[PDB]
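K.L.:
I have a structure I would like to understand better, so I am pasting it below and will then ask my questions one at a time.
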Ligand code: HEM
């Protein structure tokens with residue numbers, strides 16, 4: 001878990017994302033999809049968008065990026081008290097979408113990349129530490145539910 005000073009840093013960095021969640025969201029998905037093409041195949045609506053310029057030209061992708069980051073924002077503001085919010089997500093991603101925990105690792109790394117790409121020199125070493133912890137926590141609680149369900153990979 002995190003200290004309160006650590007949570008205040010992640011909510012301070014999240015205020016930068018909130019200035020434009022769709023712009024941040026589309027960059028995160030693109031990072032993900034271009035870096036790990038196997039992840040795009042899980043998306044029936046977007047698997048035909050194989051290159052960055054195709055991805056960029058779809059408002060449907062940008063809206064999906066908005067759904068993702070708005071969900072995550074909600075969870076971060078719970079400061080770790082997020083069992084009611086994470087359970088549904090865990091369930092759907094394991095039993096419906098069949099998303100291995102490794103893809104959650106990929107998106108967590110994608111977020112960090114995009115914060116440094118969109119705010120160079122503005123994402124401090126301390127901020128990076130706190131954000132990393134918050135994403136690990138998120139991932140580790142989802143891993144716990146995955147084990148319960150025996151979602152093997
Ligand atoms: C920060 C991590 C993520 C969050 C907050 C998130 C959130 C969401 C939400 C809120 C939905 C809609 C409701 C649902 O079906 O639960 C959804 C759907 C979905 N997610 Fe995620 N997700 C995340 C990561 C991922 C990753 C890493 C993948 C795959 C590589 C993935 C694949 C999907 C798919 C395929 C759908 C259904 C798509 C559709 O409606 O067209 N998710 N996700």
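K.L.:
Based on alpha-carbon centroids, what's the gap between region 114-153 and region 78-103 in Å, whole number please?
P.N.:
13 Å
K.L.:
Using the Kirkwood radius over Cα pairs, work out the Stokes-Einstein diffusion coefficient for region 93-153 at 20 °C and 1.002 mPa s, in µm²/s as a whole number.
P.N.:
168 µm²/s
K.L.:
Most exposed first by the Cβ proxy, i.e. fewest other Cβ within 10 Å, how do 146, 103 rank?
P.N.:
In increasing order of surrounding Cβ atoms, one gets 103, 146.
K.L.:
Given the rule -39500 (n - 2.57) for each run of at least 4 DSSP H residues, summed and divided by the residues of the chain, what is its mean residue ellipticity at 222 nm, to the nearest 500 deg cm²/dmol?
P.N.:
Result for the chain, helices only: -22500 deg cm²/dmol.
K.L.:
If you don't mind, there's one more thing I want to ask. Got the relative contact order for region 56-153 handy, in percent, Cα pairs under 8 Å and 6 or more residues apart?
P.N.:
Working: 36 pairs, mean separation 36.4, N = 98.
Relative CO of region 56-153 lands at 37 percent.
K.L.:
Additional query: Length gain on complete extension for the stretch residue 109 to residue 91, per 0.36 nm per residue less the alpha carbon to alpha carbon distance?
P.N.:
Separation in residues times 0.36 nm, less the Cα-Cα distance, equals 4.3 nm.
K.L.:
Project the alpha carbons of the chain onto their principal axes and report the range along each, largest first, in whole Å.
P.N.:
Computed over the chain, the largest-to-smallest principal extents equal 43, 40, 20 Å.
K.L.:
Once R0 is set to 22 Å, what does the formula 1/(1 + (r/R0)^6) return for the Cβ-Cβ distance between residue 36 and residue 125, expressed as a FRET efficiency to the nearest 0.05?
P.N.:
0.25
K.L.:
What percentages, rounded to whole numbers, describe P(r) for region 1-67 computed over all alpha carbon pairs with 10 Å bin width beginning at zero?
P.N.:
20, 42, 24, 13, 1
Because the Cβ atoms are built from the backbone with ideal geometry, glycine has one as well, and the counts that use them run over all protein chains shown. Values in this text are rule-based calculations from the coordinates and carry no lab data.
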